[PDB]
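A.B. asks: Show me the folded form of this:
(one chain, ligands or ions: 2)
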Amino acid sequence: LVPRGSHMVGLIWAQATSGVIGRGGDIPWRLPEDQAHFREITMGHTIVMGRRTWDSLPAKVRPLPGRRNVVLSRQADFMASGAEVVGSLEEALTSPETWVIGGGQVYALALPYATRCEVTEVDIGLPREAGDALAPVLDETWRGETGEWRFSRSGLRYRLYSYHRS
Ligand SMILES: NC(=O)c1ccc[n+]([C@@H]2O[C@H](COP(=O)([O-])OP(=O)(O)OC[C@H]3O[C@@H](n4cnc5c(N)ncnc54)[C@H](OP(=O)(O)O)[C@@H]3O)[C@@H](O)[C@H]2O)c1
Ligand SMILES: CCc1nc(N)nc(N)c1OCCCOc1ccccc1CCS(=O)(=O)NC(C)=O
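C.D. replies: Numbers count the residues shown, from 1 in each chain. Ligands and ions are numbered 1, 2, ... in the order given. Okay, here it is:
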């Protein structure tokens, strides 16, 4: 759907109902259904992540396979084997389609350029706590479809939102 001369930027994240996406350097739930969803959307694309999200990736999927991994860091000497490290968002968003995959800092940086958000809401009542990474706030310029609740294999409930804007 994307003309090759354009620059589509999308954000994709999974959040608790409270907006928590990250805590203690990790994602504070386990949801294989969301991993599969994230993989289906991002496979084959350039993905952009902050350095702390690179650190948070399980070693088995660091780099995330089948995607061009781009890591934003101000550390010139940062070691991200199998990825590329860029010092600015400008060098990160050169592809016709980019998926920004976290974390809290980088979603805030990228949201003003984005025209798609793919959001998984996890029906888990984790209260926001000091130091948590949080999902970005979407204003009224965004619109989209809210999916139905589904139970994961474990009985954890989740639903998918597909948002877009002009
Ligand atoms: N639930 C989800 O969908 C999801 C997805 C992804 C991540 N997470 C979780 O979110 C947390 C990580 O989020 P976070 O907000 O703490 O960190 P982050 O956004 O992943 O990374 C922050 C790092 O990115 C670099 N950075 C930020 N802005 C930059 C800029 N303008 N230019 C160059 N570099 C920049 C800096 O790296 P340097 O310090 O190296 O300079 C900064 O420390 C983890 O808990 C992770 O597991 C959740
Ligand atoms: C899955 C978490 C997540 N969900 C959404 N909706 N958006 C995100 N940005 C997001 O974070 C992505 C970075 C953390 O990714 C993971 C963390 C723990 C386990 C597995 C993966 C992915 C591995 S995968 O499914 O992409 N690839 C293979 C080969 O498993």
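
A.B. asks: mind checking the backbone torsions on the most centrally placed residue in the chain?
C.D. replies: For the chain, the residue lying nearest the average C-alpha position, counting by C-alpha atoms, centre = their mean, turns out to be residue 101 (2.5 Å). Main-chain dihedrals, residue 101, degrees, to the nearest 10: phi -110, psi 10.

A.B. asks: Report the separation between it and residue 57.
C.D. replies: 10 Å (C-beta to C-beta, to the nearest Å). Yep, even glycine has a C-beta here, placed from its N, CA and C like the rest.

A.B. asks: Can you pull the residues that touch both of those two?
C.D. replies: Shared contacts of residue 101 and residue 57 (C-beta atoms under 8 Å, 6 or more residues apart in numbering): residue 64.

A.B. asks: who in this protein is up against ligand 1?
C.D. replies: 13-14, 21-22, 25-27, 49-53, 56, 72-75, 78, 87-89, 101-106, 109, 133 (C-beta under 6 Å from any ligand atom).

A.B. asks: Among those, name the ones in helices.
C.D. replies: Those of the residues of the chain next to ligand 1 mapping onto helices are 51-53, 56, 89, 104-106, 109, per DSSP state H.

A.B. asks: about what we covered before: ok, of the residues of the chain next to ligand 1, which come out buried?
C.D. replies: By neighbour count, with 16 or more other C-beta atoms under 10 Å, the residues of the chain next to ligand 1 hold 13-14, 21-22, 27, 49-53, 56, 72, 89, 101-104, 106, 109, 133 as buried.

A.B. asks: out of the residues of the chain next to ligand 1, which touch ligand 2?
C.D. replies: Applying C-beta under 6 Å from any ligand atom to these, those adjacent to ligand 2 are 13-14, 27, 101-102.
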